[PDB]
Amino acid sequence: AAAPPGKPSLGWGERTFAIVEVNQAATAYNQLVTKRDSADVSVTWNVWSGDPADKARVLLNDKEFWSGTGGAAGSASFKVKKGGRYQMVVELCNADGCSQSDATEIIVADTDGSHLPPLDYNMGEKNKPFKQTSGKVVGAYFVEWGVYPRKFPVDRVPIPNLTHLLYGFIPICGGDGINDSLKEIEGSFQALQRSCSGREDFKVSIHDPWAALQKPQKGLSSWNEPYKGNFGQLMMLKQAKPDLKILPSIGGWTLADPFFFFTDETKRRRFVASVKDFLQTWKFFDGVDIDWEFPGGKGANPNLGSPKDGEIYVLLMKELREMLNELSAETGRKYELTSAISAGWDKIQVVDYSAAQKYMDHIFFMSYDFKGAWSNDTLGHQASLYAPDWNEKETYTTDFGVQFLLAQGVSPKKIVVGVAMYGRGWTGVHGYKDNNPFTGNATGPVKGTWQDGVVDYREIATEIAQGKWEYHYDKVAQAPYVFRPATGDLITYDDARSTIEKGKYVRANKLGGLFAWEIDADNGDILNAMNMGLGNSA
(Lines of atoms letter the chains of each structure in order from A and count residues from 1; the text may use other names and numbers.)
(Lines give C-alpha, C1' and ligand atoms only; values in the text may rest on other atoms or scores of the structure.)
Protein backbone atom coordinates (compact mmCIF):
# COMPACT_ATOMS: atom_id res chain seq x y z
CA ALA A 1 0.00 0.00 0.00
CA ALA A 2 2.96 2.41 0.57
CA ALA A 3 3.56 5.27 -1.91
CA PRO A 4 6.24 7.75 -0.70
CA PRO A 5 7.19 10.88 -2.68
CA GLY A 6 9.47 10.84 -5.71
CA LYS A 7 13.22 10.49 -5.19
CA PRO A 8 14.68 14.01 -4.97
CA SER A 9 17.47 14.88 -7.40
CA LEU A 10 19.99 17.39 -6.06
CA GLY A 11 20.63 20.36 -8.31
CA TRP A 12 24.09 21.76 -8.95
CA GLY A 13 25.79 24.34 -6.77
CA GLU A 14 28.53 24.93 -4.24
CA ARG A 15 29.87 21.79 -2.52
CA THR A 16 32.68 23.39 -0.47
CA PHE A 17 32.31 26.05 2.24
CA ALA A 18 34.40 27.69 4.93
CA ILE A 19 33.74 28.86 8.48
CA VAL A 20 36.91 30.92 8.10
CA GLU A 21 37.17 32.47 4.63
CA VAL A 22 40.64 32.93 3.21
CA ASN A 23 41.21 35.14 0.19
CA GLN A 24 43.68 33.18 -1.93
CA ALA A 25 44.61 36.47 -3.62
CA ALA A 26 45.22 38.98 -0.82
CA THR A 27 48.39 40.69 0.31
CA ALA A 28 46.90 42.37 3.35
CA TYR A 29 45.89 40.32 6.40
CA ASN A 30 42.60 42.13 6.86
CA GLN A 31 41.60 41.21 3.31
CA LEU A 32 43.17 37.77 3.63
CA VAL A 33 40.98 36.46 6.45
CA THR A 34 37.41 36.66 7.63
CA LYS A 35 36.39 34.53 10.58
CA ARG A 36 32.72 33.66 10.61
CA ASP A 37 31.16 31.66 13.48
CA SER A 38 29.40 29.36 11.06
CA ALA A 39 29.47 28.33 7.45
CA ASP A 40 26.51 28.75 5.16
CA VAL A 41 25.32 25.82 3.11
CA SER A 42 22.86 25.77 0.23
CA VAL A 43 21.26 22.83 -1.52
CA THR A 44 18.90 22.68 -4.49
CA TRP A 45 16.65 19.75 -5.25
CA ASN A 46 14.05 18.78 -7.76
CA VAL A 47 11.29 16.23 -8.17
CA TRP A 48 9.38 16.45 -11.41
CA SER A 49 5.67 16.41 -10.60
CA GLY A 50 5.81 16.36 -6.82
CA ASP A 51 3.66 17.73 -4.04
CA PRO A 52 5.22 21.05 -2.91
CA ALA A 53 3.48 20.63 0.44
CA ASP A 54 5.33 17.41 1.32
CA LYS A 55 7.83 17.58 4.18
CA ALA A 56 11.53 18.11 3.45
CA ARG A 57 14.70 17.67 5.51
CA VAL A 58 18.37 18.15 4.81
CA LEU A 59 20.52 15.54 6.51
CA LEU A 60 24.28 15.89 7.06
CA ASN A 61 25.61 12.44 7.92
CA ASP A 62 22.15 11.17 8.88
CA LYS A 63 21.56 14.15 11.22
CA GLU A 64 18.99 16.89 10.61
CA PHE A 65 20.25 20.39 9.73
CA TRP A 66 17.19 21.88 8.09
CA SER A 67 13.46 21.24 8.03
CA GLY A 68 10.67 22.56 5.81
CA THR A 69 8.40 21.71 2.89
CA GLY A 70 10.31 21.87 -0.41
CA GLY A 71 8.35 19.01 -2.01
CA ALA A 72 8.80 19.52 -5.77
CA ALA A 73 11.70 21.77 -6.82
CA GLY A 74 12.68 23.10 -3.40
CA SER A 75 15.57 24.92 -1.79
CA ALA A 76 17.24 25.23 1.61
CA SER A 77 19.96 27.25 3.30
CA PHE A 78 21.28 26.56 6.79
CA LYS A 79 24.26 27.19 9.06
CA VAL A 80 26.98 24.67 9.95
CA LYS A 81 29.25 25.42 12.92
CA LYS A 82 31.71 22.48 12.91
CA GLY A 83 33.90 21.60 9.93
CA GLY A 84 34.35 18.18 8.33
CA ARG A 85 33.43 16.10 5.29
CA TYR A 86 29.66 15.56 5.28
CA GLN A 87 27.40 13.37 3.23
CA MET A 88 24.46 15.57 2.25
CA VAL A 89 21.02 14.08 1.64
CA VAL A 90 17.61 15.67 0.99
CA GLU A 91 14.69 13.78 2.46
CA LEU A 92 11.08 14.05 1.31
CA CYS A 93 8.08 12.99 3.40
CA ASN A 94 4.39 12.30 2.83
CA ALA A 95 1.68 10.43 4.72
CA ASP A 96 2.93 7.06 3.41
CA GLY A 97 6.68 7.24 3.93
CA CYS A 98 9.86 9.00 2.90
CA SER A 99 12.27 9.32 0.00
CA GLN A 100 16.01 10.00 0.14
CA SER A 101 18.10 11.67 -2.54
CA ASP A 102 21.45 10.15 -3.44
CA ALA A 103 24.17 11.44 -1.11
CA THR A 104 26.48 14.22 -2.23
CA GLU A 105 29.64 15.00 -0.29
CA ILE A 106 30.33 18.51 0.92
CA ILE A 107 33.40 20.11 2.46
CA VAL A 108 32.87 22.48 5.35
CA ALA A 109 36.38 23.80 5.96
CA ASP A 110 37.68 25.12 9.25
CA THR A 111 41.09 25.94 10.65
CA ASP A 112 41.37 23.04 13.08
CA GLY A 113 41.76 20.84 10.03
CA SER A 114 38.41 19.07 10.28
CA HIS A 115 37.99 18.89 6.50
CA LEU A 116 41.45 17.50 5.95
CA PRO A 117 43.15 14.13 5.93
CA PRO A 118 46.04 13.63 8.42
CA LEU A 119 49.39 15.02 7.32
CA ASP A 120 51.46 11.91 6.91
CA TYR A 121 55.17 11.62 7.05
CA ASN A 122 58.08 9.35 6.57
CA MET A 123 61.20 9.54 8.66
CA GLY A 124 63.61 11.45 6.54
CA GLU A 125 67.36 11.46 6.53
CA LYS A 126 68.77 10.22 9.80
CA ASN A 127 65.61 10.54 11.86
CA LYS A 128 64.56 7.46 13.82
CA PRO A 129 61.06 7.17 15.16
CA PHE A 130 60.44 7.62 18.87
CA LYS A 131 57.54 7.49 21.26
CA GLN A 132 57.02 10.42 23.59
CA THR A 133 57.27 8.23 26.64
CA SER A 134 59.29 10.39 28.99
CA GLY A 135 56.74 13.09 29.68
CA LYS A 136 59.55 15.53 28.84
CA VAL A 137 59.13 18.52 26.53
CA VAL A 138 60.75 17.92 23.15
CA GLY A 139 60.32 21.05 21.06
CA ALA A 140 61.61 22.47 17.78
CA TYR A 141 61.12 25.76 15.93
CA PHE A 142 59.73 25.84 12.40
CA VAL A 143 60.55 29.00 10.44
CA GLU A 144 58.11 30.52 7.96
CA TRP A 145 60.76 31.25 5.38
CA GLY A 146 61.76 27.63 5.40
CA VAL A 147 59.63 26.89 2.40
CA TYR A 148 61.72 29.01 0.09
CA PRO A 149 65.44 28.40 -0.52
CA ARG A 150 65.71 25.98 2.42
CA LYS A 151 63.09 23.67 0.96
CA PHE A 152 61.65 22.60 4.26
CA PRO A 153 57.83 22.49 4.26
CA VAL A 154 55.92 21.16 7.28
CA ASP A 155 55.74 17.59 5.92
CA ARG A 156 59.51 17.21 6.43
CA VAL A 157 59.00 17.75 10.15
CA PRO A 158 59.63 14.45 11.99
CA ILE A 159 56.45 14.75 14.07
CA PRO A 160 56.63 11.47 15.99
CA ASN A 161 59.64 12.97 17.71
CA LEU A 162 58.25 16.24 19.10
CA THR A 163 55.86 17.28 21.87
CA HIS A 164 55.90 20.96 20.93
CA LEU A 165 56.13 22.73 17.58
CA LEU A 166 56.91 26.46 17.71
CA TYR A 167 56.02 28.50 14.60
CA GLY A 168 58.43 31.38 13.94
CA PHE A 169 57.54 34.04 13.65
CA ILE A 170 54.31 35.97 14.09
CA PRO A 171 54.82 39.75 13.75
CA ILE A 172 53.20 42.76 15.40
CA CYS A 173 51.88 45.54 13.13
CA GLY A 174 54.00 48.65 13.11
CA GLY A 175 55.63 51.17 10.82
CA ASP A 176 58.48 53.61 11.34
CA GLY A 177 59.71 53.60 14.94
CA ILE A 178 57.74 50.50 15.86
CA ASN A 179 59.42 47.88 13.79
CA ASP A 180 62.65 49.41 12.64
CA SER A 181 64.62 46.28 13.31
CA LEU A 182 63.04 44.76 10.19
CA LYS A 183 64.93 47.25 8.05
CA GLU A 184 68.31 45.54 8.45
CA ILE A 185 66.75 42.78 6.36
CA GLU A 186 65.87 43.88 2.88
CA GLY A 187 62.24 43.69 1.78
CA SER A 188 60.98 42.57 5.18
CA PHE A 189 59.81 45.82 6.76
CA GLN A 190 58.11 46.64 3.47
CA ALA A 191 56.67 43.15 3.39
CA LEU A 192 55.20 43.73 6.85
CA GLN A 193 53.61 47.07 5.91
CA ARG A 194 51.81 45.50 2.96
CA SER A 195 50.53 42.80 5.28
CA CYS A 196 49.35 45.17 7.99
CA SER A 197 47.76 47.62 5.53
CA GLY A 198 44.64 49.09 7.10
CA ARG A 199 45.48 47.28 10.34
CA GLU A 200 45.72 49.00 13.67
CA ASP A 201 49.27 48.86 14.98
CA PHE A 202 50.16 46.55 17.87
CA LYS A 203 47.84 43.85 16.67
CA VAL A 204 49.37 40.61 15.35
CA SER A 205 49.59 39.71 11.68
CA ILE A 206 51.28 37.31 9.26
CA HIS A 207 54.67 38.39 7.92
CA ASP A 208 54.25 36.30 4.74
CA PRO A 209 50.67 35.36 3.74
CA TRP A 210 51.98 33.61 0.64
CA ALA A 211 54.13 31.18 2.66
CA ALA A 212 51.54 30.84 5.39
CA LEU A 213 48.26 30.32 3.53
CA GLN A 214 48.56 30.56 -0.25
CA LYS A 215 51.62 28.59 -1.34
CA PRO A 216 50.84 25.09 -2.66
CA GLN A 217 52.46 22.36 -0.60
CA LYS A 218 52.01 18.58 -0.53
CA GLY A 219 48.33 17.68 -0.17
CA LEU A 220 47.17 21.21 -0.78
CA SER A 221 47.63 22.30 -4.38
CA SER A 222 44.10 22.08 -5.58
CA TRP A 223 42.83 25.45 -6.62
CA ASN A 224 40.31 25.68 -3.90
CA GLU A 225 41.74 24.30 -0.85
CA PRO A 226 40.57 26.98 1.53
CA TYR A 227 43.90 26.78 3.37
CA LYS A 228 47.28 26.05 1.76
CA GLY A 229 50.84 27.07 2.63
CA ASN A 230 52.17 26.51 6.12
CA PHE A 231 48.97 26.87 8.14
CA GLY A 232 47.27 24.34 5.87
CA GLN A 233 49.84 21.68 6.60
CA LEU A 234 49.84 22.47 10.32
CA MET A 235 46.14 21.70 10.30
CA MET A 236 46.81 18.30 8.75
CA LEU A 237 49.54 17.96 11.37
CA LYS A 238 47.26 18.15 14.38
CA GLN A 239 45.18 15.55 12.58
CA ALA A 240 48.01 12.94 12.52
CA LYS A 241 49.09 13.80 16.06
CA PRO A 242 46.23 15.48 17.94
CA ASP A 243 48.44 15.66 21.03
CA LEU A 244 51.33 17.51 19.39
CA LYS A 245 51.31 21.09 20.66
CA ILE A 246 51.56 23.73 17.94
CA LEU A 247 52.35 27.23 19.23
CA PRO A 248 52.52 30.55 17.35
CA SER A 249 55.72 32.29 18.33
CA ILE A 250 55.42 36.09 18.46
CA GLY A 251 58.56 38.15 18.03
CA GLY A 252 62.10 36.84 17.82
CA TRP A 253 65.18 38.97 17.16
CA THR A 254 63.90 41.24 14.39
CA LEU A 255 60.21 41.40 15.38
CA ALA A 256 60.50 42.04 19.10
CA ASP A 257 60.51 45.85 18.84
CA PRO A 258 56.76 46.47 19.42
CA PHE A 259 56.98 44.78 22.87
CA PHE A 260 58.84 47.83 24.26
CA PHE A 261 55.75 49.99 23.74
CA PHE A 262 53.60 47.80 26.03
CA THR A 263 54.40 50.16 28.87
CA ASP A 264 51.27 51.63 27.33
CA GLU A 265 48.55 49.56 28.78
CA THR A 266 46.16 50.58 25.97
CA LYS A 267 48.49 49.10 23.33
CA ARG A 268 49.04 45.95 25.34
CA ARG A 269 45.32 45.30 25.62
CA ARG A 270 44.83 45.64 21.91
CA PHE A 271 47.61 43.17 21.43
CA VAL A 272 46.15 40.58 23.78
CA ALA A 273 42.75 40.94 22.18
CA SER A 274 44.32 40.41 18.76
CA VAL A 275 45.97 37.23 19.99
CA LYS A 276 42.60 36.03 21.19
CA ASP A 277 41.17 36.77 17.80
CA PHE A 278 44.11 35.10 16.14
CA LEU A 279 43.52 31.81 18.02
CA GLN A 280 39.77 31.75 17.37
CA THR A 281 40.67 32.26 13.71
CA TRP A 282 43.49 29.68 13.55
CA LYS A 283 42.21 26.87 15.68
CA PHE A 284 45.13 24.51 15.09
CA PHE A 285 47.27 26.62 17.44
CA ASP A 286 47.31 25.60 21.15
CA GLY A 287 48.15 28.85 22.85
CA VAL A 288 50.89 31.43 22.67
CA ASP A 289 54.65 31.61 22.70
CA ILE A 290 56.11 35.01 23.56
CA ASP A 291 59.59 35.78 22.26
CA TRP A 292 60.46 39.19 23.41
CA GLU A 293 64.15 39.76 22.90
CA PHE A 294 64.79 41.17 25.32
CA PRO A 295 62.98 42.78 28.22
CA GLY A 296 65.28 45.68 29.19
CA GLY A 297 66.84 45.98 25.74
CA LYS A 298 70.10 44.63 24.31
CA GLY A 299 68.22 43.10 21.38
CA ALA A 300 68.24 44.25 17.75
CA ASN A 301 67.35 47.89 18.52
CA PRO A 302 70.06 49.69 20.50
CA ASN A 303 67.61 52.51 21.25
CA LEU A 304 64.95 50.39 22.92
CA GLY A 305 64.79 48.85 26.39
CA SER A 306 64.08 49.86 29.99
CA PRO A 307 64.35 48.37 33.50
CA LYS A 308 60.59 48.89 33.55
CA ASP A 309 60.27 45.98 31.12
CA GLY A 310 60.59 43.30 33.79
CA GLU A 311 57.32 44.43 35.31
CA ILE A 312 55.66 44.65 31.89
CA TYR A 313 56.81 41.14 30.98
CA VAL A 314 54.88 39.85 33.98
CA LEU A 315 51.74 41.87 33.31
CA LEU A 316 51.76 40.66 29.72
CA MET A 317 51.91 37.09 31.06
CA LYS A 318 49.08 37.81 33.50
CA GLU A 319 46.81 39.34 30.82
CA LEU A 320 47.64 36.66 28.24
CA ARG A 321 46.77 33.84 30.62
CA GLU A 322 43.52 35.58 31.54
CA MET A 323 42.68 35.80 27.85
CA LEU A 324 43.35 32.06 27.39
CA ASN A 325 41.20 31.37 30.49
CA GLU A 326 38.16 32.92 28.88
CA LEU A 327 39.17 31.40 25.56
CA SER A 328 38.98 28.03 27.29
CA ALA A 329 35.59 28.90 28.74
CA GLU A 330 34.07 29.28 25.28
CA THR A 331 35.95 26.51 23.46
CA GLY A 332 36.45 23.92 26.20
CA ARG A 333 40.13 23.49 25.13
CA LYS A 334 43.35 23.74 27.11
CA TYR A 335 45.88 26.37 26.05
CA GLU A 336 49.58 26.78 26.74
CA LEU A 337 51.35 30.01 27.53
CA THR A 338 55.11 29.81 27.01
CA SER A 339 58.02 32.12 26.25
CA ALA A 340 61.55 32.04 24.89
CA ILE A 341 63.92 33.93 27.20
CA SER A 342 67.64 34.81 27.17
CA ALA A 343 70.17 32.53 28.93
CA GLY A 344 72.43 35.41 29.83
CA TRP A 345 72.22 36.21 33.53
CA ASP A 346 72.34 39.95 32.88
CA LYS A 347 69.09 39.77 30.88
CA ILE A 348 67.47 37.23 33.20
CA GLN A 349 68.07 39.69 36.05
CA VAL A 350 65.64 42.10 34.43
CA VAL A 351 62.56 39.95 34.95
CA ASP A 352 61.13 38.26 38.05
CA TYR A 353 60.39 34.87 36.51
CA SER A 354 59.12 33.61 39.87
CA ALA A 355 56.40 36.26 39.49
CA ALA A 356 55.55 35.34 35.90
CA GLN A 357 55.87 31.53 36.06
CA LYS A 358 52.48 31.00 37.73
CA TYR A 359 50.95 32.09 34.41
CA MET A 360 53.23 29.95 32.26
CA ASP A 361 53.45 26.35 31.15
CA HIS A 362 57.05 26.39 29.92
CA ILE A 363 60.16 28.51 29.52
CA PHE A 364 62.29 27.89 26.45
CA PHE A 365 65.75 28.74 27.76
CA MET A 366 67.77 30.05 24.81
CA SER A 367 70.98 28.33 25.87
CA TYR A 368 72.75 29.04 22.57
CA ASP A 369 74.26 32.05 20.75
CA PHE A 370 76.63 32.52 23.70
CA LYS A 371 79.41 33.32 21.20
CA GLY A 372 79.45 34.25 17.51
CA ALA A 373 81.06 36.10 14.60
CA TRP A 374 79.77 39.38 15.99
CA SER A 375 83.13 39.45 17.75
CA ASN A 376 86.68 38.90 16.44
CA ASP A 377 88.30 38.50 19.84
CA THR A 378 85.73 36.77 21.99
CA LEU A 379 85.84 33.23 20.69
CA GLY A 380 84.18 30.49 22.71
CA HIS A 381 81.43 27.91 22.97
CA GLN A 382 78.10 28.97 21.54
CA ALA A 383 75.91 26.56 23.54
CA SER A 384 78.12 24.67 25.99
CA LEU A 385 76.80 23.11 29.18
CA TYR A 386 79.63 24.34 31.37
CA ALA A 387 82.54 26.77 31.19
CA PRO A 388 85.64 25.58 29.30
CA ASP A 389 88.79 24.61 31.23
CA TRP A 390 90.72 27.58 29.81
CA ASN A 391 88.07 29.99 31.16
CA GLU A 392 86.33 28.76 34.33
CA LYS A 393 84.61 32.02 35.23
CA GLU A 394 82.60 32.00 32.01
CA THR A 395 79.05 33.09 32.85
CA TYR A 396 77.53 32.40 29.46
CA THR A 397 76.91 28.64 29.70
CA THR A 398 73.80 26.47 30.00
CA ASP A 399 74.56 25.51 33.59
CA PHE A 400 75.24 29.04 34.79
CA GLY A 401 72.03 30.41 33.28
CA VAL A 402 69.82 27.63 34.60
CA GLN A 403 71.27 27.90 38.12
CA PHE A 404 70.89 31.67 37.97
CA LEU A 405 67.28 31.29 36.81
CA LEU A 406 66.41 28.71 39.49
CA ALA A 407 68.00 31.02 42.07
CA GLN A 408 65.17 33.48 41.38
CA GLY A 409 62.87 30.74 42.66
CA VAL A 410 61.66 29.22 39.40
CA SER A 411 60.36 25.65 39.61
CA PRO A 412 62.81 23.39 37.70
CA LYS A 413 59.98 21.61 35.82
CA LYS A 414 59.12 24.65 33.73
CA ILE A 415 62.66 25.18 32.36
CA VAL A 416 63.17 23.69 28.88
CA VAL A 417 66.82 23.69 27.79
CA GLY A 418 67.83 24.90 24.33
CA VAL A 419 69.88 22.97 21.78
CA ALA A 420 71.57 24.36 18.66
CA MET A 421 70.99 22.69 15.31
CA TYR A 422 73.43 25.14 13.75
CA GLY A 423 77.01 26.34 14.03
CA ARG A 424 78.40 29.79 14.71
CA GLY A 425 81.87 30.29 13.37
CA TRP A 426 84.91 32.29 12.37
CA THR A 427 87.63 32.43 9.73
CA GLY A 428 91.26 33.49 9.81
CA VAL A 429 91.62 32.48 13.45
CA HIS A 430 95.29 33.18 14.21
CA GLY A 431 97.75 33.67 17.05
CA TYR A 432 96.41 31.05 19.43
CA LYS A 433 98.31 29.34 22.25
CA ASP A 434 98.48 25.68 23.28
CA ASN A 435 96.87 24.34 20.09
CA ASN A 436 93.60 25.86 21.32
CA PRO A 437 92.00 27.94 18.54
CA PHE A 438 89.79 29.85 21.00
CA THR A 439 92.72 31.75 22.51
CA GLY A 440 93.37 33.55 19.23
CA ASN A 441 91.51 36.09 17.10
CA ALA A 442 89.44 35.87 13.91
CA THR A 443 89.47 38.11 10.86
CA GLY A 444 85.78 37.64 10.16
CA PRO A 445 82.80 35.26 9.96
CA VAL A 446 83.02 31.72 8.65
CA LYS A 447 81.37 31.01 5.31
CA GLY A 448 77.79 30.26 6.02
CA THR A 449 75.07 28.07 4.70
CA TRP A 450 72.43 30.77 4.33
CA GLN A 451 73.83 33.64 6.20
CA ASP A 452 77.33 34.49 7.17
CA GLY A 453 78.82 33.15 10.38
CA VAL A 454 76.14 30.46 10.67
CA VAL A 455 76.15 26.85 9.40
CA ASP A 456 73.47 24.14 9.34
CA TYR A 457 74.41 21.09 11.41
CA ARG A 458 73.62 19.00 8.36
CA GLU A 459 76.30 20.91 6.51
CA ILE A 460 78.79 20.47 9.35
CA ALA A 461 78.01 16.80 9.78
CA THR A 462 78.40 16.01 6.10
CA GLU A 463 81.71 17.90 5.76
CA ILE A 464 83.20 16.28 8.87
CA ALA A 465 82.56 13.04 7.04
CA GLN A 466 84.38 14.21 3.91
CA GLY A 467 87.41 14.89 6.09
CA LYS A 468 87.15 18.64 5.54
CA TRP A 469 87.30 19.34 9.30
CA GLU A 470 89.28 18.65 12.44
CA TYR A 471 86.73 17.49 15.01
CA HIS A 472 87.33 18.05 18.72
CA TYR A 473 85.23 17.73 21.84
CA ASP A 474 85.70 19.86 24.92
CA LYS A 475 84.87 17.25 27.57
CA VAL A 476 84.98 19.90 30.32
CA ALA A 477 82.59 22.36 28.63
CA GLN A 478 80.68 19.49 26.95
CA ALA A 479 80.65 21.04 23.47
CA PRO A 480 82.03 20.05 20.05
CA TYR A 481 83.75 22.21 17.45
CA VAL A 482 85.50 21.82 14.15
CA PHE A 483 88.74 23.55 13.21
CA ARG A 484 90.65 23.97 9.95
CA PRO A 485 94.28 24.99 10.78
CA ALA A 486 94.99 25.98 7.18
CA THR A 487 92.35 28.65 6.53
CA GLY A 488 91.88 29.29 10.27
CA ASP A 489 88.21 28.20 10.22
CA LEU A 490 86.51 27.59 13.60
CA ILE A 491 82.89 26.54 14.23
CA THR A 492 80.88 26.04 17.43
CA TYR A 493 77.78 23.85 17.44
CA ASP A 494 75.85 21.17 19.29
CA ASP A 495 76.26 17.56 18.22
CA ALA A 496 74.57 14.38 19.45
CA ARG A 497 77.13 14.01 22.24
CA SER A 498 76.63 17.45 23.75
CA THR A 499 72.89 17.01 23.19
CA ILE A 500 72.73 13.72 25.08
CA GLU A 501 74.69 15.49 27.82
CA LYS A 502 72.08 18.27 27.91
CA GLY A 503 69.51 15.48 28.14
CA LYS A 504 71.29 13.96 31.13
CA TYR A 505 71.49 17.41 32.69
CA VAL A 506 67.76 18.01 32.18
CA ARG A 507 66.92 14.66 33.80
CA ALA A 508 69.37 14.97 36.71
CA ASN A 509 68.04 18.40 37.60
CA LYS A 510 64.39 17.54 36.98
CA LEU A 511 64.04 20.09 34.21
CA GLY A 512 61.23 20.34 31.67
CA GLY A 513 63.07 19.01 28.62
CA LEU A 514 64.89 20.19 25.50
CA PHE A 515 63.96 22.30 22.49
CA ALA A 516 65.81 23.08 19.28
CA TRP A 517 66.48 25.98 16.93
CA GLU A 518 65.89 25.36 14.08
CA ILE A 519 64.21 22.14 12.85
CA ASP A 520 65.36 22.33 9.19
CA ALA A 521 69.10 22.54 9.86
CA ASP A 522 69.12 19.08 11.46
CA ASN A 523 69.86 15.85 9.59
CA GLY A 524 68.08 13.87 12.29
CA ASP A 525 71.12 13.17 14.49
CA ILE A 526 70.37 15.90 17.03
CA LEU A 527 66.65 15.27 17.42
CA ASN A 528 67.55 11.60 17.80
CA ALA A 529 69.91 12.69 20.55
CA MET A 530 67.30 14.92 22.22
CA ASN A 531 64.86 11.98 22.32
CA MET A 532 67.45 9.39 23.30
CA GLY A 533 68.82 11.75 25.95
CA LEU A 534 65.47 12.53 27.61
CA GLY A 535 64.63 8.86 28.04
CA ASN A 536 62.16 8.39 25.18
CA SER A 537 61.38 5.04 23.55
CA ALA A 538 62.90 3.91 20.27
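In case it trips you up, residue 1 is the first one in the sequence shown, and so on.
As the entry records it, the average C-alpha temperature factor is higher for 426 to 434, out of 426 to 434 and 256 to 264. Taking the mean C-alpha B-factor of each stretch as recorded, 412 to 420 and 231 to 239 are not equal, and the higher mean is that of 231 to 239. Among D286, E463, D399, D369, the highest C-alpha B-factor in the deposited entry belongs to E463. Across the residues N94, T111, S134, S384, the deposited record lists the maximum Cα B factor for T111.
Sorting the modelled residues of the chain by their CA temperature factor places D489 in the highest third. When the CA B factors of the chain's modelled residues are split into thirds, the value for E64 lands in the middle one.
Looking at the C-alpha B-factors along this chain, the one for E21 belongs to the highest third.
Ranked against the other modelled residues of its chain, the C-alpha B-factor of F142 as given in the entry falls in the lowest third. Per-chain ranking of the deposited C-alpha B factor places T499 in the lowest third.
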